[PDB]
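One chain comes next, on its own, written out as C-alpha coordinates in the form deposited in one PDB entry.
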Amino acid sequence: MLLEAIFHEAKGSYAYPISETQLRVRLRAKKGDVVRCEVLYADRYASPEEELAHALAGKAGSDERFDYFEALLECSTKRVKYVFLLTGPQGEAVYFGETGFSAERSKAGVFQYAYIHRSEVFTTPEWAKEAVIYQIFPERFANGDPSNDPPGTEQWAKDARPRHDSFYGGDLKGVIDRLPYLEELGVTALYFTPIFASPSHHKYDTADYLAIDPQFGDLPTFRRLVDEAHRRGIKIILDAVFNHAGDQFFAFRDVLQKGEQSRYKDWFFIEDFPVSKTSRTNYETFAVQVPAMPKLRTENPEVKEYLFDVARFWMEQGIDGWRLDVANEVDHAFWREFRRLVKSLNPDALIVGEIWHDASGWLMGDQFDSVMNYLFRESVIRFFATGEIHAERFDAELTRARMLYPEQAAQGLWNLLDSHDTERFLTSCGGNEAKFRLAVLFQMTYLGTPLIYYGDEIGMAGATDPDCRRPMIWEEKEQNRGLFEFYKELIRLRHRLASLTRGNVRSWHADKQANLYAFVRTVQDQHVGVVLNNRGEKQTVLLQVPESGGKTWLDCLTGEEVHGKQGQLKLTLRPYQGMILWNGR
(Lines give C-alpha, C1' and ligand atoms only; values in the text may rest on other atoms or scores of the structure.)
Protein backbone atom coordinates (compact mmCIF):
# COMPACT_ATOMS: atom_id res chain seq x y z
CA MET A 1 0.00 0.00 0.00
CA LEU A 2 0.98 3.54 -0.77
CA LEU A 3 2.73 5.12 2.15
CA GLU A 4 3.10 8.37 0.15
CA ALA A 5 -0.75 8.76 0.51
CA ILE A 6 -0.90 8.05 4.22
CA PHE A 7 -1.45 11.13 6.44
CA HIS A 8 -1.95 12.23 10.01
CA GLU A 9 -0.68 15.07 12.28
CA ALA A 10 -1.40 15.33 16.00
CA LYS A 11 -3.16 18.83 15.73
CA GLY A 12 -5.66 20.77 13.50
CA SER A 13 -8.37 18.59 11.89
CA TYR A 14 -6.44 15.34 12.28
CA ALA A 15 -6.33 15.26 16.07
CA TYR A 16 -8.45 17.37 18.38
CA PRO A 17 -10.48 17.11 21.63
CA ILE A 18 -14.25 16.61 21.91
CA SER A 19 -14.26 16.85 25.71
CA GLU A 20 -11.63 17.07 28.31
CA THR A 21 -10.94 13.38 28.33
CA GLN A 22 -11.58 12.26 24.74
CA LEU A 23 -9.53 12.93 21.56
CA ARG A 24 -10.86 12.59 17.99
CA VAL A 25 -8.28 11.40 15.50
CA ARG A 26 -8.34 10.90 11.70
CA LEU A 27 -6.08 9.30 9.19
CA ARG A 28 -6.23 9.44 5.45
CA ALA A 29 -4.98 6.74 3.08
CA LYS A 30 -5.20 6.03 -0.72
CA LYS A 31 -8.85 4.98 -1.36
CA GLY A 32 -8.96 1.19 -1.02
CA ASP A 33 -5.48 0.64 0.62
CA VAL A 34 -6.59 0.21 4.21
CA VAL A 35 -9.54 -1.95 5.29
CA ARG A 36 -8.66 -1.75 8.97
CA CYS A 37 -7.35 1.11 10.99
CA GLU A 38 -6.69 0.63 14.63
CA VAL A 39 -5.25 2.97 17.27
CA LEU A 40 -3.05 1.59 19.94
CA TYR A 41 -2.67 4.23 22.67
CA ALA A 42 -1.67 5.09 26.28
CA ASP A 43 -0.91 7.67 28.78
CA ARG A 44 2.15 9.70 27.71
CA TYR A 45 3.97 8.70 30.84
CA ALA A 46 2.66 5.00 30.82
CA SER A 47 5.45 2.49 31.86
CA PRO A 48 6.76 0.50 28.75
CA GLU A 49 5.11 -2.55 30.39
CA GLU A 50 1.50 -1.44 30.63
CA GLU A 51 -0.84 -2.78 27.89
CA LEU A 52 -1.90 -0.49 25.12
CA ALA A 53 -5.52 0.78 24.79
CA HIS A 54 -7.30 -0.10 21.49
CA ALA A 55 -9.69 2.05 19.58
CA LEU A 56 -10.75 0.91 16.21
CA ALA A 57 -11.24 3.73 13.63
CA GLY A 58 -14.25 3.50 11.31
CA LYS A 59 -14.09 4.80 7.78
CA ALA A 60 -15.91 8.13 8.00
CA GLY A 61 -15.79 8.93 4.30
CA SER A 62 -14.03 8.88 0.90
CA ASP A 63 -13.32 11.48 -1.73
CA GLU A 64 -11.82 11.36 -5.22
CA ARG A 65 -8.48 9.90 -4.06
CA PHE A 66 -8.64 9.02 -0.26
CA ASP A 67 -10.44 7.14 2.42
CA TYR A 68 -10.69 8.82 5.79
CA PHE A 69 -10.63 7.02 9.11
CA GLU A 70 -11.91 8.22 12.39
CA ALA A 71 -11.49 7.09 15.92
CA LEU A 72 -12.22 8.32 19.44
CA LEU A 73 -9.48 8.03 22.14
CA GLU A 74 -10.49 7.74 25.85
CA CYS A 75 -7.83 9.66 27.75
CA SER A 76 -8.55 9.72 31.49
CA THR A 77 -5.11 11.24 32.05
CA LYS A 78 -5.83 13.82 29.35
CA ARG A 79 -2.37 13.20 27.95
CA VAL A 80 -2.15 10.65 25.09
CA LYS A 81 0.50 8.96 22.88
CA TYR A 82 -0.53 6.55 20.06
CA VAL A 83 0.33 4.54 16.81
CA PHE A 84 -1.95 3.39 14.03
CA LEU A 85 -2.16 -0.21 12.90
CA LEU A 86 -3.22 -0.29 9.35
CA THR A 87 -4.26 -3.43 7.58
CA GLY A 88 -4.46 -3.90 3.81
CA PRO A 89 -7.00 -6.00 1.88
CA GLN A 90 -4.52 -9.04 1.76
CA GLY A 91 -3.80 -8.68 5.52
CA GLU A 92 -0.48 -6.65 5.21
CA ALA A 93 -0.06 -4.86 8.55
CA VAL A 94 1.93 -1.77 9.08
CA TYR A 95 2.41 0.48 12.03
CA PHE A 96 2.12 4.18 11.42
CA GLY A 97 3.59 6.60 13.97
CA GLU A 98 5.57 9.90 14.30
CA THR A 99 8.86 8.20 13.52
CA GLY A 100 7.42 6.63 10.36
CA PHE A 101 6.26 3.25 9.05
CA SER A 102 7.46 -0.27 10.18
CA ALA A 103 6.22 -3.80 10.70
CA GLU A 104 7.53 -3.35 14.26
CA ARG A 105 5.31 -1.29 16.41
CA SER A 106 8.25 0.12 18.36
CA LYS A 107 10.00 1.40 15.07
CA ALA A 108 6.91 3.48 13.99
CA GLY A 109 7.21 5.62 17.14
CA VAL A 110 4.14 7.42 18.61
CA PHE A 111 2.31 10.59 17.79
CA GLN A 112 1.62 12.55 20.98
CA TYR A 113 -1.30 14.83 22.08
CA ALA A 114 0.53 16.37 25.02
CA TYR A 115 -2.43 17.70 26.93
CA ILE A 116 -6.19 18.42 26.55
CA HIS A 117 -6.99 21.77 28.18
CA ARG A 118 -10.74 22.30 29.11
CA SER A 119 -10.38 25.76 27.57
CA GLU A 120 -9.06 24.31 24.32
CA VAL A 121 -12.17 22.19 23.63
CA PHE A 122 -13.87 23.79 20.53
CA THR A 123 -17.36 24.70 21.82
CA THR A 124 -20.05 26.61 19.85
CA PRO A 125 -23.50 27.85 21.01
CA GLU A 126 -26.17 25.21 21.23
CA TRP A 127 -28.90 27.11 19.50
CA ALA A 128 -26.64 27.38 16.39
CA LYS A 129 -26.43 23.55 16.06
CA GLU A 130 -30.05 23.57 15.07
CA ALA A 131 -30.79 26.93 13.61
CA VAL A 132 -31.94 28.06 10.17
CA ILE A 133 -30.74 31.56 9.25
CA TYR A 134 -32.36 34.31 7.04
CA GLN A 135 -30.24 36.99 5.46
CA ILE A 136 -31.77 40.51 5.23
CA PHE A 137 -30.13 43.20 3.09
CA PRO A 138 -32.17 45.94 4.87
CA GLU A 139 -32.13 48.62 2.12
CA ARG A 140 -34.23 46.21 0.06
CA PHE A 141 -36.36 44.02 2.27
CA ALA A 142 -39.35 46.16 3.44
CA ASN A 143 -40.08 49.93 3.40
CA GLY A 144 -42.13 50.33 6.60
CA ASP A 145 -41.21 53.93 7.10
CA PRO A 146 -41.59 56.06 3.94
CA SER A 147 -40.67 59.25 5.88
CA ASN A 148 -37.05 58.13 6.30
CA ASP A 149 -36.57 57.22 2.59
CA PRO A 150 -33.32 58.45 1.02
CA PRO A 151 -33.36 61.02 -1.78
CA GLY A 152 -34.22 59.71 -5.19
CA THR A 153 -35.72 56.51 -3.90
CA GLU A 154 -36.91 54.58 -7.01
CA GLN A 155 -40.12 52.68 -6.93
CA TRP A 156 -40.65 49.44 -5.16
CA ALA A 157 -42.00 47.30 -7.90
CA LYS A 158 -42.12 43.57 -8.88
CA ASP A 159 -39.16 44.01 -11.40
CA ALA A 160 -37.14 47.21 -10.82
CA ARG A 161 -33.46 46.59 -11.88
CA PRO A 162 -31.19 48.29 -9.23
CA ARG A 163 -28.11 50.23 -10.25
CA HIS A 164 -24.85 50.37 -8.12
CA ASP A 165 -26.14 53.57 -6.40
CA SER A 166 -29.98 52.95 -6.13
CA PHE A 167 -32.22 53.33 -3.10
CA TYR A 168 -35.66 51.66 -2.54
CA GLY A 169 -36.35 52.68 1.06
CA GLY A 170 -36.11 49.34 2.96
CA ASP A 171 -35.70 50.02 6.65
CA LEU A 172 -35.92 48.51 10.15
CA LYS A 173 -39.63 49.34 10.72
CA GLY A 174 -40.27 47.11 7.62
CA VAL A 175 -38.48 44.20 9.27
CA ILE A 176 -40.60 44.75 12.42
CA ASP A 177 -43.70 44.72 10.30
CA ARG A 178 -42.71 41.55 8.37
CA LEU A 179 -41.73 39.55 11.44
CA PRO A 180 -44.94 37.45 11.19
CA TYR A 181 -43.95 36.45 7.73
CA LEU A 182 -40.54 35.41 9.02
CA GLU A 183 -41.94 33.57 12.00
CA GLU A 184 -44.40 31.70 9.73
CA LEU A 185 -41.46 30.65 7.50
CA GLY A 186 -39.82 29.13 10.65
CA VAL A 187 -36.49 30.96 10.65
CA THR A 188 -34.68 31.17 14.00
CA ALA A 189 -32.10 33.85 13.29
CA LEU A 190 -31.63 36.99 11.15
CA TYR A 191 -28.31 37.95 9.41
CA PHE A 192 -28.34 41.71 8.78
CA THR A 193 -26.09 43.12 6.21
CA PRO A 194 -24.43 46.39 7.71
CA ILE A 195 -26.92 48.82 9.36
CA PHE A 196 -24.65 51.49 10.84
CA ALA A 197 -24.65 55.05 9.62
CA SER A 198 -23.17 55.17 6.16
CA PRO A 199 -23.87 57.09 2.99
CA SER A 200 -24.59 54.19 0.55
CA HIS A 201 -27.06 51.41 -0.08
CA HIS A 202 -24.82 48.67 1.36
CA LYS A 203 -23.39 50.74 4.19
CA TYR A 204 -19.98 48.90 4.11
CA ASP A 205 -18.13 52.29 4.19
CA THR A 206 -19.13 53.17 7.77
CA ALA A 207 -19.46 56.79 8.79
CA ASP A 208 -20.39 55.95 12.34
CA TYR A 209 -20.06 52.53 14.09
CA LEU A 210 -22.13 53.64 17.00
CA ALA A 211 -25.40 54.69 15.31
CA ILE A 212 -28.27 53.17 13.33
CA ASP A 213 -28.18 54.79 9.86
CA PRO A 214 -30.97 57.49 9.95
CA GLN A 215 -32.64 56.03 6.84
CA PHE A 216 -32.86 52.61 8.65
CA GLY A 217 -34.17 54.02 11.93
CA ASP A 218 -32.72 55.03 15.25
CA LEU A 219 -31.66 53.06 18.26
CA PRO A 220 -35.18 52.86 19.82
CA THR A 221 -36.45 51.25 16.61
CA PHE A 222 -33.58 48.75 16.74
CA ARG A 223 -34.29 47.77 20.34
CA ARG A 224 -37.95 47.42 19.37
CA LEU A 225 -36.68 45.11 16.63
CA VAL A 226 -34.40 42.89 18.86
CA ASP A 227 -37.27 42.35 21.27
CA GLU A 228 -39.92 41.83 18.72
CA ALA A 229 -37.74 39.21 17.06
CA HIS A 230 -36.73 37.60 20.28
CA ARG A 231 -40.38 37.05 21.38
CA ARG A 232 -40.83 35.07 18.15
CA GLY A 233 -37.89 32.79 18.63
CA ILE A 234 -35.71 34.80 16.23
CA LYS A 235 -32.14 35.81 17.02
CA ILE A 236 -30.25 38.85 15.63
CA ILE A 237 -26.76 38.58 14.02
CA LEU A 238 -25.02 41.82 12.95
CA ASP A 239 -22.44 42.45 10.27
CA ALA A 240 -19.26 43.74 11.89
CA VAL A 241 -17.24 45.62 9.28
CA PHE A 242 -13.93 45.81 11.05
CA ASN A 243 -11.42 45.42 8.21
CA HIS A 244 -11.87 48.99 6.91
CA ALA A 245 -13.76 52.18 7.82
CA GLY A 246 -15.69 54.47 5.49
CA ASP A 247 -14.05 57.74 4.31
CA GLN A 248 -16.41 59.60 6.78
CA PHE A 249 -15.32 57.80 9.85
CA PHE A 250 -14.39 60.53 12.46
CA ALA A 251 -10.75 59.43 12.68
CA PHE A 252 -10.28 59.36 8.95
CA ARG A 253 -11.90 62.76 8.50
CA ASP A 254 -9.38 63.93 11.02
CA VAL A 255 -6.79 62.39 8.78
CA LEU A 256 -8.05 64.10 5.56
CA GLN A 257 -8.09 67.37 7.49
CA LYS A 258 -5.01 67.42 9.61
CA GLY A 259 -2.63 65.35 7.38
CA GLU A 260 0.16 64.17 9.68
CA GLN A 261 -0.89 66.24 12.63
CA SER A 262 -3.84 63.75 13.03
CA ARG A 263 -3.75 61.83 16.28
CA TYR A 264 -5.31 59.11 13.99
CA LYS A 265 -2.67 58.78 11.28
CA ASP A 266 -1.45 55.32 12.48
CA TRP A 267 -5.03 54.02 12.52
CA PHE A 268 -4.68 53.65 8.74
CA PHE A 269 -2.23 52.58 6.06
CA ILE A 270 -1.24 56.06 4.73
CA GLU A 271 1.24 55.85 1.82
CA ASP A 272 2.10 59.72 1.84
CA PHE A 273 0.53 63.22 2.60
CA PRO A 274 -2.01 64.95 1.76
CA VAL A 275 -4.37 61.92 1.92
CA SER A 276 -6.69 61.78 -0.95
CA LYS A 277 -5.64 61.46 -4.62
CA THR A 278 -9.19 59.91 -5.97
CA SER A 279 -8.69 57.52 -9.06
CA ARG A 280 -5.18 57.28 -7.44
CA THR A 281 -5.77 56.92 -3.58
CA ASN A 282 -2.47 57.15 -1.61
CA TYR A 283 -3.91 55.00 1.17
CA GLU A 284 -4.74 51.35 1.27
CA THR A 285 -8.35 50.50 0.81
CA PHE A 286 -10.35 47.39 0.71
CA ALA A 287 -9.89 45.61 -2.65
CA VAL A 288 -8.17 47.98 -5.17
CA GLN A 289 -8.60 51.83 -5.28
CA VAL A 290 -11.75 52.10 -3.16
CA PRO A 291 -11.52 55.54 -1.66
CA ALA A 292 -14.62 55.14 0.62
CA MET A 293 -13.03 52.16 2.26
CA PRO A 294 -9.65 52.84 3.86
CA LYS A 295 -8.20 49.78 5.63
CA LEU A 296 -8.24 49.98 9.45
CA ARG A 297 -4.96 49.10 11.24
CA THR A 298 -6.45 46.40 13.54
CA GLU A 299 -2.89 45.54 14.71
CA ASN A 300 -2.99 49.09 16.31
CA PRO A 301 -4.09 48.56 20.00
CA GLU A 302 -5.97 51.86 19.77
CA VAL A 303 -7.90 50.69 16.63
CA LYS A 304 -8.54 47.43 18.38
CA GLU A 305 -9.78 48.96 21.62
CA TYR A 306 -12.17 51.11 19.58
CA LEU A 307 -13.80 48.20 17.64
CA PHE A 308 -13.94 46.23 20.83
CA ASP A 309 -15.91 49.19 22.20
CA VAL A 310 -18.29 49.03 19.27
CA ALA A 311 -18.79 45.34 19.80
CA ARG A 312 -19.70 45.96 23.44
CA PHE A 313 -22.05 48.67 22.60
CA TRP A 314 -24.23 46.66 20.27
CA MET A 315 -23.99 43.72 22.50
CA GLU A 316 -25.60 45.69 25.21
CA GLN A 317 -28.62 46.08 22.86
CA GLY A 318 -29.05 42.28 23.19
CA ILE A 319 -28.04 41.14 19.68
CA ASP A 320 -26.91 37.54 19.32
CA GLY A 321 -23.62 37.62 17.51
CA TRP A 322 -21.53 38.68 14.57
CA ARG A 323 -20.81 38.08 10.91
CA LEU A 324 -17.32 39.26 10.20
CA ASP A 325 -16.85 41.05 6.97
CA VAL A 326 -13.59 40.40 4.99
CA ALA A 327 -12.56 38.65 8.22
CA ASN A 328 -9.51 36.94 6.72
CA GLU A 329 -7.83 40.26 6.13
CA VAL A 330 -7.72 41.26 9.84
CA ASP A 331 -5.04 39.65 12.08
CA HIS A 332 -5.53 36.42 14.19
CA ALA A 333 -4.66 38.12 17.51
CA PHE A 334 -7.49 40.51 16.94
CA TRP A 335 -9.83 37.58 16.39
CA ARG A 336 -8.68 35.53 19.37
CA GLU A 337 -9.13 38.52 21.67
CA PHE A 338 -12.41 39.41 20.00
CA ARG A 339 -13.67 35.94 20.85
CA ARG A 340 -12.30 36.15 24.50
CA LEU A 341 -14.26 39.40 24.82
CA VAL A 342 -17.44 38.35 22.96
CA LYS A 343 -17.68 34.97 24.74
CA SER A 344 -17.02 36.71 28.02
CA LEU A 345 -20.02 38.99 27.51
CA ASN A 346 -22.30 36.28 26.19
CA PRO A 347 -21.26 32.60 26.05
CA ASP A 348 -24.05 32.15 23.41
CA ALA A 349 -23.04 35.07 21.10
CA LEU A 350 -22.35 33.36 17.70
CA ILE A 351 -19.25 34.38 15.61
CA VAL A 352 -19.16 33.76 11.82
CA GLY A 353 -16.42 34.87 9.49
CA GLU A 354 -16.80 35.89 5.88
CA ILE A 355 -14.06 33.88 4.25
CA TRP A 356 -14.57 32.15 0.82
CA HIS A 357 -11.55 29.84 0.73
CA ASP A 358 -10.24 27.12 3.12
CA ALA A 359 -11.00 28.72 6.49
CA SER A 360 -9.36 25.86 8.40
CA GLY A 361 -7.02 28.31 10.15
CA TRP A 362 -9.80 30.30 11.86
CA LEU A 363 -11.77 27.18 12.77
CA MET A 364 -9.63 25.41 15.29
CA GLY A 365 -11.74 26.75 18.24
CA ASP A 366 -10.09 30.01 19.20
CA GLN A 367 -11.51 32.47 16.73
CA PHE A 368 -14.73 31.88 14.69
CA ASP A 369 -17.51 29.51 15.53
CA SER A 370 -18.30 29.17 11.83
CA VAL A 371 -17.99 30.74 8.33
CA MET A 372 -20.19 31.42 5.28
CA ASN A 373 -19.40 28.23 3.63
CA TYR A 374 -18.83 29.41 0.08
CA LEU A 375 -17.16 26.01 -0.54
CA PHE A 376 -20.45 24.32 0.20
CA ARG A 377 -21.93 26.73 -2.38
CA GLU A 378 -19.41 25.88 -5.08
CA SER A 379 -20.26 22.13 -5.05
CA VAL A 380 -23.93 22.98 -4.92
CA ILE A 381 -23.62 25.23 -7.97
CA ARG A 382 -21.58 23.01 -10.07
CA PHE A 383 -23.83 20.04 -9.27
CA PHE A 384 -27.47 21.13 -9.42
CA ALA A 385 -27.15 24.50 -11.28
CA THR A 386 -24.46 24.21 -14.01
CA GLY A 387 -24.18 20.43 -13.92
CA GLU A 388 -20.33 20.58 -14.40
CA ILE A 389 -19.96 17.69 -11.95
CA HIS A 390 -21.86 14.40 -11.74
CA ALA A 391 -22.98 12.66 -8.54
CA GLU A 392 -19.68 11.01 -7.68
CA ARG A 393 -17.58 14.15 -7.86
CA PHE A 394 -20.22 15.86 -5.77
CA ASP A 395 -19.76 13.26 -3.11
CA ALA A 396 -16.02 13.72 -3.16
CA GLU A 397 -16.32 17.51 -3.00
CA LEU A 398 -18.77 17.28 -0.06
CA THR A 399 -16.61 14.84 1.89
CA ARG A 400 -13.27 16.33 1.26
CA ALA A 401 -14.72 19.67 2.40
CA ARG A 402 -16.30 17.94 5.51
CA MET A 403 -12.88 16.66 6.60
CA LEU A 404 -11.17 20.05 6.31
CA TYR A 405 -12.26 21.24 9.77
CA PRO A 406 -12.98 19.90 13.28
CA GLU A 407 -16.61 18.52 13.55
CA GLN A 408 -17.54 21.30 15.89
CA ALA A 409 -17.04 23.69 12.92
CA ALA A 410 -18.62 21.58 10.23
CA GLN A 411 -21.80 21.05 12.37
CA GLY A 412 -22.68 24.81 12.05
CA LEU A 413 -21.03 26.01 8.84
CA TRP A 414 -23.45 28.54 7.18
CA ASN A 415 -24.37 26.70 4.03
CA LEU A 416 -25.71 29.12 1.51
CA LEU A 417 -26.74 29.05 -2.12
CA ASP A 418 -26.03 32.74 -2.94
CA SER A 419 -25.68 36.15 -1.24
CA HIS A 420 -25.61 39.91 -1.77
CA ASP A 421 -22.29 39.35 -3.63
CA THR A 422 -23.69 36.72 -6.01
CA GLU A 423 -26.17 36.01 -8.75
CA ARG A 424 -29.35 34.45 -7.39
CA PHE A 425 -29.40 30.71 -7.18
CA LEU A 426 -32.56 30.33 -9.44
CA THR A 427 -30.49 32.31 -11.97
CA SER A 428 -27.52 29.91 -11.77
CA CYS A 429 -30.20 27.21 -12.53
CA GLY A 430 -31.15 29.19 -15.63
CA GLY A 431 -34.60 29.75 -14.04
CA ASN A 432 -35.20 26.04 -13.75
CA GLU A 433 -37.38 25.67 -10.71
CA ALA A 434 -37.16 21.88 -10.52
CA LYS A 435 -33.34 21.91 -10.15
CA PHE A 436 -33.71 24.78 -7.58
CA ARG A 437 -35.99 22.92 -5.18
CA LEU A 438 -33.58 19.95 -5.22
CA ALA A 439 -30.70 22.24 -4.22
CA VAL A 440 -33.03 23.56 -1.47
CA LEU A 441 -33.90 20.10 -0.33
CA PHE A 442 -30.28 19.22 -0.24
CA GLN A 443 -29.56 22.41 1.78
CA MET A 444 -32.30 21.86 4.27
CA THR A 445 -31.03 18.25 4.85
CA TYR A 446 -27.20 18.43 4.65
CA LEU A 447 -24.75 18.80 7.63
CA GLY A 448 -24.45 22.46 8.74
CA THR A 449 -26.68 25.55 9.07
CA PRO A 450 -28.91 26.61 6.15
CA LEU A 451 -28.80 30.27 5.13
CA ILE A 452 -31.75 31.63 3.10
CA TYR A 453 -31.18 34.84 1.08
CA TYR A 454 -34.21 37.10 1.41
CA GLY A 455 -36.50 36.34 -1.54
CA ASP A 456 -35.33 32.89 -2.62
CA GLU A 457 -38.16 31.35 -0.70
CA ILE A 458 -40.77 32.99 -3.03
CA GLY A 459 -38.99 32.84 -6.35
CA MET A 460 -36.87 35.92 -6.83
CA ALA A 461 -34.25 35.94 -9.64
CA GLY A 462 -31.27 38.18 -10.58
CA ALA A 463 -27.79 38.30 -11.92
CA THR A 464 -24.98 39.24 -9.52
CA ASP A 465 -24.55 42.41 -7.43
CA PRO A 466 -26.42 44.85 -7.71
CA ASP A 467 -29.02 42.82 -9.51
CA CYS A 468 -29.06 40.08 -6.78
CA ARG A 469 -30.35 42.99 -4.54
CA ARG A 470 -33.82 43.70 -6.03
CA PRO A 471 -36.69 44.89 -3.82
CA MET A 472 -38.38 41.99 -2.13
CA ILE A 473 -41.65 40.88 -3.85
CA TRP A 474 -44.43 41.23 -1.29
CA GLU A 475 -47.58 40.87 -3.30
CA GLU A 476 -49.07 37.47 -2.67
CA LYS A 477 -49.97 37.02 -6.44
CA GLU A 478 -46.44 37.98 -7.51
CA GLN A 479 -44.89 35.31 -5.20
CA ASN A 480 -44.21 31.59 -5.65
CA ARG A 481 -46.32 30.39 -2.71
CA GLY A 482 -45.74 26.85 -3.85
CA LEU A 483 -42.06 27.37 -3.16
CA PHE A 484 -42.87 29.11 0.08
CA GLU A 485 -44.89 26.13 1.49
CA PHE A 486 -41.95 24.01 0.36
CA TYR A 487 -39.35 25.90 2.52
CA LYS A 488 -41.92 25.89 5.35
CA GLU A 489 -42.38 22.20 5.18
CA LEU A 490 -38.64 21.40 4.93
CA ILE A 491 -37.93 23.74 7.84
CA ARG A 492 -40.37 22.02 10.19
CA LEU A 493 -38.80 18.60 9.31
CA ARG A 494 -35.39 19.93 10.15
CA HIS A 495 -36.95 20.98 13.56
CA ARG A 496 -38.58 17.56 14.28
CA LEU A 497 -35.76 15.17 13.12
CA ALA A 498 -32.78 15.63 15.51
CA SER A 499 -30.79 13.70 13.03
CA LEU A 500 -30.96 16.64 10.56
CA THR A 501 -29.74 19.30 13.02
CA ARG A 502 -27.42 17.12 15.03
CA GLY A 503 -26.65 13.82 13.37
CA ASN A 504 -23.52 13.11 11.33
CA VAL A 505 -23.43 12.36 7.54
CA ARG A 506 -22.28 9.33 5.66
CA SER A 507 -22.52 8.86 1.85
CA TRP A 508 -25.14 6.23 1.10
CA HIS A 509 -25.17 5.81 -2.70
CA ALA A 510 -23.40 7.73 -5.46
CA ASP A 511 -23.74 6.75 -9.11
CA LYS A 512 -22.02 8.97 -11.64
CA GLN A 513 -24.17 7.43 -14.32
CA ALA A 514 -27.75 7.99 -13.02
CA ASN A 515 -26.49 11.16 -11.24
CA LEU A 516 -28.40 9.83 -8.24
CA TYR A 517 -26.81 10.91 -4.92
CA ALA A 518 -27.89 9.72 -1.45
CA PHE A 519 -26.60 10.31 2.13
CA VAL A 520 -27.57 9.42 5.70
CA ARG A 521 -27.94 11.63 8.78
CA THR A 522 -27.73 9.62 12.07
CA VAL A 523 -27.99 10.69 15.67
CA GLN A 524 -28.38 7.88 18.20
CA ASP A 525 -30.53 5.24 16.39
CA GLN A 526 -32.34 7.77 14.22
CA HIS A 527 -31.51 7.38 10.55
CA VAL A 528 -32.82 9.78 7.99
CA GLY A 529 -31.81 8.96 4.44
CA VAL A 530 -32.04 11.56 1.70
CA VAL A 531 -32.12 10.62 -2.03
CA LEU A 532 -31.53 12.97 -4.89
CA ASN A 533 -32.58 12.19 -8.48
CA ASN A 534 -30.69 15.07 -10.12
CA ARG A 535 -31.57 13.85 -13.64
CA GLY A 536 -34.01 15.11 -16.22
CA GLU A 537 -35.76 11.65 -16.68
CA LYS A 538 -37.25 9.20 -14.22
CA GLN A 539 -35.06 6.36 -12.73
CA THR A 540 -34.98 3.35 -10.33
CA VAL A 541 -32.29 2.40 -7.74
CA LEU A 542 -31.30 -0.29 -5.42
CA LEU A 543 -29.93 1.13 -2.30
CA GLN A 544 -27.93 -1.07 -0.03
CA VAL A 545 -29.81 -0.94 3.33
CA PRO A 546 -28.75 -3.54 5.88
CA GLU A 547 -31.24 -5.14 8.25
CA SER A 548 -29.55 -3.44 11.21
CA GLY A 549 -30.62 0.21 10.17
CA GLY A 550 -34.28 -0.78 10.12
CA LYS A 551 -36.08 -2.29 7.12
CA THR A 552 -39.09 0.08 7.04
CA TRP A 553 -38.90 3.78 6.27
CA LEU A 554 -41.40 6.57 6.01
CA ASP A 555 -40.90 9.14 3.20
CA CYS A 556 -41.36 12.38 5.02
CA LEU A 557 -42.57 14.60 2.23
CA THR A 558 -45.27 12.36 0.79
CA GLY A 559 -46.09 9.92 3.54
CA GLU A 560 -45.20 6.95 1.40
CA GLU A 561 -44.10 3.83 3.18
CA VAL A 562 -41.12 1.92 1.93
CA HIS A 563 -39.83 -1.59 2.44
CA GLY A 564 -36.55 -3.43 2.17
CA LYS A 565 -36.47 -7.05 0.91
CA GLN A 566 -33.08 -8.64 1.55
CA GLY A 567 -30.57 -5.84 2.53
CA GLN A 568 -32.00 -3.84 -0.35
CA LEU A 569 -34.30 -0.92 -0.99
CA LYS A 570 -35.86 -0.46 -4.51
CA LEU A 571 -36.88 3.15 -5.23
CA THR A 572 -38.42 4.94 -8.21
CA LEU A 573 -37.86 8.65 -8.32
CA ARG A 574 -39.40 11.26 -10.58
CA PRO A 575 -37.37 13.78 -12.57
CA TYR A 576 -35.39 16.02 -10.14
CA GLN A 577 -37.37 14.37 -7.25
CA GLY A 578 -35.94 13.96 -3.73
CA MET A 579 -36.97 11.68 -0.87
CA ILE A 580 -36.36 12.07 2.85
CA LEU A 581 -36.63 8.65 4.45
CA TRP A 582 -37.11 8.46 8.26
CA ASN A 583 -36.21 5.12 9.71
CA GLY A 584 -39.00 5.63 12.22
CA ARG A 585 -36.58 5.97 15.10
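A residue's number is simply how far along the shown sequence it sits, counting from 1. By rigid core we mean the largest C-alpha set that fits within 1.5 Å across both forms.
Keep in mind the form deposited in another entry is missing from the figure; the text below concerns it.
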| Which listed residue, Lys277, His495, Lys158, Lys343, is the one whose CA shifts 2 angstroms or more between the shown form and the other one with the rigid core aligned? | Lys277
| field | C-alpha of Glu561 off by 2 Å or more between the shown form and the other one on rigid core | value | yes
| Rigid core fitted, then: does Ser548 show a CA shift of 2 angstroms or greater between the shown form and the other one? | yes
| request: Check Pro546 against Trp508 at the C-alpha atoms and report closer or farther in the other form, compared with the shown form; the change is 3 Å or more. | output: closer
